[PDB]
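Here the Cβ is made from the backbone with ideal geometry for all residues, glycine too, and neighbour counts use every protein chain on show. No lab work stands behind these numbers, since they all come straight from the coordinates.
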Ligand SMILES: [Cl-]
Ligand SMILES: [Cl-]
Ligand SMILES: [Cl-]
């Protein structure tokens, strides 16, 4: 059954795969998992560029809280439970497009840390971590706040206003 929530979920995990492998490539880890861009191109562009902007210009507001939640966990021990707990530590106070960008950016950070430790099977699972995490609260929030199209408009506004 194709319904709007399952559609949002399919888009979220396609996007998570694109973003994780793109982020890895920016540091020279070229996994070659994908044959093509999996999410819609405009959305893939939007998430990659928003994550980059947040890493460069909004790191301590959006990304540091997730990293700090994981302080003292080695890359060898990073797992989906850690990932969920860190995300919970922010989303417990609310959901926003900026916090969703932070979740994807942080998944990239975790992927990079695992790739540097050679934990290949963990890296390739991180897109599923995002998909599974979003089922309980993020996915219905996205549905109620305009779908991924609303993220595109948000991203266009933010990216057009930063230079
Ligand atoms: Cl529907
Ligand atoms: Cl790839
Ligand atoms: Cl809200």
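Could you tell me which residue of the range 120-142 is surrounded by the fewest Cβ atoms within 10 Å (Cβ to Cβ), considering only residues that are within 16 Å of ligand 3 (Cβ to nearest atom) and assigned to a helix (DSSP H, G or I)?
Keep residues of the range 120-142 that are within 16 Å of ligand 3 (Cβ to nearest atom), which gives 134, 136-142.
Those left that are additionally assigned to a helix (DSSP H, G or I): 134, 138-142.
Working: 134: 22, 138: 20, 139: 19, 140: 14, 141: 17, 142: 23.
If we take residues in the range 120-142 being within 16 Å of ligand 3 (Cβ to nearest atom) and assigned to a helix (DSSP H, G or I), then 140 is surrounded by the fewest Cβ atoms within 10 Å (Cβ to Cβ).
Output the residues belonging to the range 144-161 that are touching a helix residue (DSSP H, G or I) at 6+ places or on another chain (Cβ under 6 Å) and in contact (Cβ under 8 Å) with a residue 60 or more places away in the chain.
Step one: of the range 144-161, the residues touching a helix residue (DSSP H, G or I) at 6+ places or on another chain (Cβ under 6 Å) are 148, 151-152, 154-155, 159.
Scanning the range 144-161 gives 148, 151, 152, 155, 159.
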Query raised in the report: Going through the range 57-72 one residue at a time, which ones are in contact with a helix residue (DSSP H, G or I) (Cβ under 6 Å, 6 or more places away or on another chain) and not in a helix (DSSP H, G or I)?
Result: 70
Query raised in the report: Only one of these conditions is not met by residue 21: (1) in contact (Cβ under 8 Å) with a residue 24 or more places away in the chain; (2) crowded, with 16+ Cβ neighbours inside 10 Å. Which number is it?
Result: (1)
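Identify the residue in the range 81-119 that is assigned to a helix (DSSP H, G or I) and free of Cβ contacts under 8 Å to residues at least 24 places away in the same chain and, among all such residues, is surrounded by the fewest Cβ atoms within 10 Å (Cβ to Cβ).
Our first condition is that a residue be assigned to a helix (DSSP H, G or I); within the range 81-119, this holds for 81-91, 97-116.
Those left that are additionally free of Cβ contacts under 8 Å to residues at least 24 places away in the same chain: 81-82, 85-86, 88.
Working: 81: 9, 82: 15, 85: 13, 86: 21, 88: 13.
My answer is 81.
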**Report entry** Index of the failed condition, residue 46 passing every other in (1) surrounded by 14 or more Cβ atoms within 10 Å (Cβ to Cβ); (2) touching a helix residue (DSSP H, G or I) at 6+ places or on another chain (Cβ under 7 Å); (3) over 17 Å from residue 96 (Cβ atoms)
**Finding:** (3)
